[PDB]
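Asker: This is protein_16.cif (mmCIF, C-alpha atoms and all ligand atoms).
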data_target
loop_
_atom_site.label_atom_id
_atom_site.label_comp_id
_atom_site.auth_asym_id
_atom_site.auth_seq_id
_atom_site.Cartn_x
_atom_site.Cartn_y
_atom_site.Cartn_z
CA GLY A 16 -15.68 -21.40 -13.83
CA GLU A 17 -15.44 -17.97 -15.48
CA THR A 18 -11.84 -17.08 -16.31
CA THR A 19 -12.60 -14.04 -18.53
CA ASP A 20 -10.58 -10.93 -17.61
CA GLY A 21 -12.53 -8.18 -15.83
CA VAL A 22 -13.94 -6.98 -12.55
CA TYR A 23 -15.92 -9.36 -10.30
CA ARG A 24 -18.03 -9.17 -7.13
CA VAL A 25 -16.99 -11.43 -4.21
CA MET A 26 -20.15 -12.84 -2.56
CA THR A 27 -21.02 -15.04 0.42
CA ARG A 28 -24.09 -16.96 1.49
CA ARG A 29 -22.84 -17.39 5.15
CA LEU A 30 -24.82 -14.33 6.34
CA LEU A 31 -28.46 -13.29 5.58
CA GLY A 32 -29.31 -13.85 1.85
CA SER A 33 -26.43 -13.27 -0.61
CA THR A 34 -24.06 -10.62 0.61
CA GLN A 35 -21.33 -8.77 -1.28
CA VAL A 36 -18.15 -8.69 0.87
CA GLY A 37 -15.85 -7.17 -1.78
CA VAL A 38 -14.59 -6.99 -5.36
CA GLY A 39 -11.60 -8.22 -7.37
CA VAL A 40 -9.74 -8.27 -10.70
CA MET A 41 -9.23 -11.28 -13.02
CA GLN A 42 -6.14 -10.73 -15.20
CA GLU A 43 -3.91 -13.31 -16.95
CA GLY A 44 -5.70 -16.22 -15.25
CA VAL A 45 -5.15 -14.78 -11.72
CA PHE A 46 -7.80 -13.36 -9.32
CA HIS A 47 -6.64 -10.32 -7.31
CA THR A 48 -8.40 -8.87 -4.24
CA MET A 49 -7.69 -7.38 -0.79
CA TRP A 50 -6.82 -9.77 2.03
CA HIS A 51 -9.50 -8.32 4.38
CA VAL A 52 -12.24 -9.28 1.82
CA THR A 53 -11.55 -13.07 1.81
CA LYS A 54 -9.28 -13.58 4.85
CA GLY A 55 -7.36 -15.96 2.51
CA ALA A 56 -10.31 -18.41 2.09
CA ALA A 57 -10.84 -20.44 -1.16
CA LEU A 58 -13.36 -19.05 -3.68
CA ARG A 59 -15.87 -20.67 -6.03
CA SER A 60 -16.33 -19.60 -9.68
CA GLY A 61 -19.37 -21.53 -11.00
CA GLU A 62 -18.47 -25.20 -10.50
CA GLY A 63 -14.71 -24.44 -10.17
CA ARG A 64 -12.49 -23.58 -7.21
CA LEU A 65 -9.88 -20.79 -6.92
CA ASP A 66 -7.20 -21.48 -4.33
CA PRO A 67 -5.03 -18.75 -2.75
CA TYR A 68 -1.51 -18.54 -4.15
CA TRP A 69 0.09 -15.48 -2.49
CA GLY A 70 -1.05 -13.11 0.25
CA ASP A 71 0.16 -10.55 2.75
CA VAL A 72 -1.86 -9.09 5.66
CA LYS A 73 0.34 -5.93 5.93
CA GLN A 74 -0.04 -5.07 2.21
CA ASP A 75 -3.70 -6.24 2.60
CA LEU A 76 -3.52 -8.14 -0.74
CA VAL A 77 -4.13 -11.70 -2.02
CA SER A 78 -3.87 -13.49 -5.39
CA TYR A 79 -5.59 -16.78 -6.48
CA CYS A 80 -4.44 -19.39 -9.14
CA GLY A 81 -1.10 -17.66 -9.64
CA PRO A 82 1.24 -14.86 -8.60
CA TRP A 83 0.19 -11.17 -8.43
CA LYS A 84 0.11 -9.87 -12.05
CA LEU A 85 -0.79 -6.16 -11.66
CA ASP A 86 2.22 -3.84 -11.94
CA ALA A 87 1.06 -0.48 -13.28
CA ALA A 88 1.72 2.51 -11.05
CA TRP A 89 0.10 5.94 -10.62
CA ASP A 90 2.35 8.54 -12.39
CA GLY A 91 1.93 11.03 -9.48
CA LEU A 92 0.35 13.76 -11.67
CA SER A 93 -2.76 12.56 -13.58
CA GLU A 94 -6.39 11.91 -12.70
CA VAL A 95 -7.35 8.22 -12.37
CA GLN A 96 -10.66 6.35 -12.33
CA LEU A 97 -12.10 4.21 -9.56
CA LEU A 98 -14.14 1.43 -11.23
CA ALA A 99 -16.50 1.20 -8.25
CA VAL A 100 -18.59 -2.00 -7.96
CA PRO A 101 -20.99 -1.28 -5.01
CA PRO A 102 -23.23 -4.00 -3.45
CA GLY A 103 -26.44 -4.53 -5.52
CA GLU A 104 -25.48 -1.72 -7.93
CA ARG A 105 -23.97 -1.51 -11.46
CA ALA A 106 -20.18 -0.97 -12.02
CA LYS A 107 -19.51 2.79 -12.40
CA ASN A 108 -16.37 4.79 -13.23
CA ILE A 109 -15.49 7.80 -11.02
CA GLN A 110 -12.67 10.11 -12.10
CA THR A 111 -10.54 11.83 -9.44
CA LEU A 112 -7.10 13.40 -8.80
CA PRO A 113 -5.42 11.29 -6.12
CA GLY A 114 -3.98 12.79 -2.96
CA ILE A 115 -0.97 11.31 -1.14
CA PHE A 116 -0.33 9.15 1.92
CA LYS A 117 3.16 10.20 3.23
CA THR A 118 4.76 7.43 5.29
CA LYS A 119 8.17 6.79 6.92
CA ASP A 120 8.80 4.30 4.04
CA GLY A 121 7.71 6.54 1.15
CA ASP A 122 4.62 8.09 -0.41
CA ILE A 123 1.56 6.28 -1.87
CA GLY A 124 -1.33 7.71 -3.95
CA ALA A 125 -4.70 7.92 -2.18
CA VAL A 126 -8.29 8.41 -3.42
CA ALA A 127 -10.85 10.41 -1.43
CA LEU A 128 -14.05 8.58 -2.39
CA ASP A 129 -16.55 7.00 0.04
CA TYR A 130 -18.28 3.71 -0.88
CA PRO A 131 -19.82 0.82 1.21
CA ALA A 132 -17.27 -1.65 2.80
CA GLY A 133 -18.39 -4.27 0.22
CA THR A 134 -16.78 -2.13 -2.53
CA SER A 135 -13.26 -3.06 -1.20
CA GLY A 136 -11.07 -4.56 -3.96
CA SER A 137 -12.55 -2.29 -6.68
CA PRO A 138 -9.79 -1.40 -9.19
CA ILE A 139 -8.28 2.07 -9.71
CA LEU A 140 -7.18 2.58 -13.38
CA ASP A 141 -4.94 4.91 -15.40
CA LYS A 142 -5.88 6.44 -18.83
CA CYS A 143 -4.68 3.25 -20.64
CA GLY A 144 -7.13 1.13 -18.61
CA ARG A 145 -4.30 -0.48 -16.56
CA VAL A 146 -4.99 -1.35 -12.92
CA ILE A 147 -2.68 0.78 -10.75
CA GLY A 148 -4.05 -0.65 -7.45
CA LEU A 149 -7.13 -1.67 -5.45
CA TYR A 150 -9.43 0.54 -3.38
CA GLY A 151 -10.44 -0.31 0.17
CA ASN A 152 -7.62 0.01 2.69
CA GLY A 153 -7.35 3.51 4.11
CA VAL A 154 -8.20 5.91 6.90
CA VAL A 155 -10.86 8.26 8.34
CA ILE A 156 -9.66 11.89 8.46
CA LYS A 157 -10.56 14.86 10.84
CA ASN A 158 -13.91 15.82 9.16
CA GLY A 159 -15.00 12.13 9.24
CA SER A 160 -14.25 11.50 5.53
CA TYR A 161 -12.81 8.20 4.05
CA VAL A 162 -9.55 8.20 2.05
CA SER A 163 -8.31 4.92 0.51
CA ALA A 164 -4.65 4.12 -0.35
CA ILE A 165 -4.07 3.10 -3.99
CA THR A 166 -2.77 -0.38 -2.92
CA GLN A 167 -0.61 -2.16 -5.51
CA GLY A 168 1.27 -5.49 -5.27
CA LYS A 169 4.65 -6.53 -6.69
CA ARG A 170 4.86 -8.56 -9.91
CA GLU A 171 7.76 -11.03 -9.22
CA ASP B 50 -18.48 -20.14 1.28
CA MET B 51 -17.42 -17.39 -1.08
CA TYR B 52 -18.09 -17.11 -4.80
CA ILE B 53 -17.33 -14.60 -7.59
CA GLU B 54 -19.65 -13.12 -10.26
CA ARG B 55 -18.54 -11.02 -13.24
CA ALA B 56 -19.48 -7.29 -12.92
CA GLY B 57 -17.78 -5.78 -16.01
CA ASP B 58 -14.82 -4.95 -18.19
CA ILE B 59 -11.91 -2.88 -16.95
CA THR B 60 -11.75 0.19 -19.21
CA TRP B 61 -11.34 3.97 -18.84
CA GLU B 62 -14.69 5.81 -19.47
CA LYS B 63 -14.45 9.05 -21.43
CA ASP B 64 -16.52 11.74 -19.63
CA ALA B 65 -17.00 9.74 -16.41
CA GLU B 66 -18.35 11.71 -13.35
CA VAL B 67 -15.38 13.70 -11.90
CA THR B 68 -15.22 14.18 -8.08
CA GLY B 69 -13.17 13.79 -4.85
CA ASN B 70 -10.48 16.00 -3.40
CA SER B 71 -6.69 15.22 -3.14
CA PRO B 72 -5.58 15.34 0.50
CA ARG B 73 -1.91 15.10 1.50
CA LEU B 74 -1.77 13.09 4.76
CA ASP B 75 0.97 11.86 7.08
CA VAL B 76 0.07 8.23 7.87
CA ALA B 77 1.48 5.14 9.63
CA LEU B 78 0.94 1.50 8.55
CA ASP B 79 0.97 -1.14 11.32
CA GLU B 80 1.84 -4.86 11.10
CA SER B 81 -1.91 -5.71 10.86
CA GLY B 82 -2.28 -3.66 7.63
CA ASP B 83 -4.17 -0.82 9.34
CA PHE B 84 -3.44 2.77 8.27
CA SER B 85 -3.67 5.52 10.91
CA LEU B 86 -3.13 9.35 10.87
CA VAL B 87 0.13 10.71 12.34
CA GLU B 88 -0.35 14.03 14.19
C1 LIG C 201 -13.04 -0.50 5.41
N1 LIG C 201 -13.73 0.40 4.47
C2 LIG C 201 -14.48 1.42 4.95
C3 LIG C 201 -15.13 2.27 4.08
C4 LIG C 201 -15.00 2.09 2.71
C5 LIG C 201 -14.23 1.04 2.26
BR1 LIG C 201 -14.07 0.72 0.40
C6 LIG C 201 -13.59 0.20 3.14
#
Go ahead and render the structure in this file as structure tokens.
Answerer:
Amino acid sequence: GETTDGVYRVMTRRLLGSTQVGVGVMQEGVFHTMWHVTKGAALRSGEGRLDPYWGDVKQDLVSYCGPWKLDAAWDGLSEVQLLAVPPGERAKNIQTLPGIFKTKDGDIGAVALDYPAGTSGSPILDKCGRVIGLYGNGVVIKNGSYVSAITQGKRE
Amino acid sequence: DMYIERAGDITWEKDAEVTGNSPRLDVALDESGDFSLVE
């Protein structure tokens, strides 16, 4: 199937019509998405198959065809861009200054942007175009608004 | 059965729409990968 680097929609035909369940990143021959999008299932790319290679429910991440390749990190100061890929709509860049999730194990960047559930796995980028994490695992705050962690994996 | 379809290149867009606030939140992460607010 298609191995070209870039952002991809993750679709299923199990439900009514063709439904977008999430999004992912192809980089260095590896497909990267959030665990809750695929539940670790195999994926099809044209006539080819992509098998899971690494995954972790707690990190909510999964890689296909090889180990996790994305290692850029938010610098903690600069605006970033969400490359949102919503269901049935064109890819669009949204610039924002991340907030912070403070946890008992350290702080993580967070983006306060609200998109349909099927946008999970969309990449968040720095000014060099590097993927610093994936959008789609977060929380609902007091005023009912959605804030996503900037979720990044480890490159072994 | 799940399948992927290319949606675009990964690049920074000069003069993209700028929005969203930057909240600082105390959160907890459980073993199932769910984030929750700590109050
Ligand atoms: C689970 N969830 C809810 C709202 C937006 C996104 Br992206 C993911």
Asker: Name all residues at most 10 Å from stretch 119-126 of chain A (count all atoms listed in the file; drop same-chain ones fewer than 3 positions away) and give them as a VMD selection string.
Answerer: (chain A and resid 88 to 92 95 to 97 110 to 116 129 139 147 to 148 150 to 154 161 to 167) or (chain B and resid 69 to 78)
Asker: Neighbouring residues of residue B:81 were defined as those with any atom within 10 Å, considering all atoms listed in the file; residues of the same chain fewer than 6 positions away were excluded. Please report them as a ChimeraX atom specification.
Answerer: /A:71-75
Asker: For the selection you just gave me, I'd like the residues written to a file as a short mmCIF file (atom, residue, chain, number, x, y, z; two decimals), in the frame of the given file, keeping C-alpha atoms.
Answerer:
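The resulting again.cif:
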data_model
loop_
_atom_site.label_atom_id
_atom_site.label_comp_id
_atom_site.auth_asym_id
_atom_site.auth_seq_id
_atom_site.Cartn_x
_atom_site.Cartn_y
_atom_site.Cartn_z
CA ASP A 71 0.16 -10.55 2.75
CA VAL A 72 -1.86 -9.09 5.66
CA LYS A 73 0.34 -5.93 5.93
CA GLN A 74 -0.04 -5.07 2.21
CA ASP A 75 -3.70 -6.24 2.60
#
Asker: Would you mind telling me which residue in B:60, B:52, B:88, B:83 lies nearest to ligand LIG 201 (chain C) when using all atoms listed in the file?
Answerer: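 Selected residue with least distance to ligand LIG 201 (chain C): B:83.
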Asker: Excluding residue B:64 and residues on its chain fewer than 3 positions from it, collect all residues at most 12 Å away from it, counting only C-alpha atoms, and give them as a PyMOL selection string.
Answerer: (chain A and resi 96+107-111+142) or (chain B and resi 61+67-68)
Asker: From the options B:62, B:50, B:55, B:84, which residue's atoms come nearest to ligand LIG 201 (chain C), counting all atoms listed in the file?
Answerer: B:84
Asker: For ligand LIG 201 (chain C), which residue out of B:51, B:82, B:65, B:58 is the nearest one, using all atoms listed in the file?
Answerer: B:82
Asker: Smallest atom-to-atom distance to chain B: which of A:117, A:102, A:63, A:48, using all atoms listed in the file?
Answerer: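 So, comparing all the options, the nearest one is A:117.
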Asker: Got a sec: who's within 10 Å of residue A:16, counting all atoms listed in the file, leaving out chain neighbours fewer than 2 positions off, as a PyMOL selection string?
Answerer: (chain A and resi 18-19+59-65) or (chain B and resi 53-54)
Asker: Please report, as AutoDock Vina command-line options, the centre and edge lengths in Å to one decimal of an axis-aligned box covering all listed atoms of ligand LIG 201 (chain C) with 6 Å per side.
Answerer:
--center_x -14.1 --center_y 0.9 --center_z 2.9 --size_x 14.1 --size_y 14.8 --size_z 17.0
Asker: In Å to one decimal, how far is atom CA of residue A:130 from atom CA of residue A:101?
Answerer: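 Separating atom CA of residue A:101 from atom CA of residue A:130 is a distance of 7.0 Å.
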Asker: Mind checking which residues fall within 7 Å of residue A:45, counting only C-alpha atoms, ignoring those fewer than 2 positions away in the same chain, and posting them as a ChimeraX atom specification?
Answerer: /A:41-43,47,78-81
Asker: As an exercise, work out the distance from atom CA of residue A:25 to atom CA of residue A:83 in Å and give it to one decimal place.
Answerer: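 Between these atoms lies a distance of 17.7 Å.
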Asker: Would you compute the distance between atom CA of residue B:80 and atom CA of residue A:77? Give it in Å to one decimal.
Answerer: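 Taking atom CA of residue B:80 and atom CA of residue A:77, their separation equals 16.0 Å.
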Asker: For a quick check of understanding, using all atoms listed in the file, which of A:136, A:131, A:144, A:32 has the smallest distance to residue A:46?
Answerer: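 Checking each of A:136, A:131, A:144, A:32 against residue A:46, counting all atoms listed in the file, the winner is A:136.
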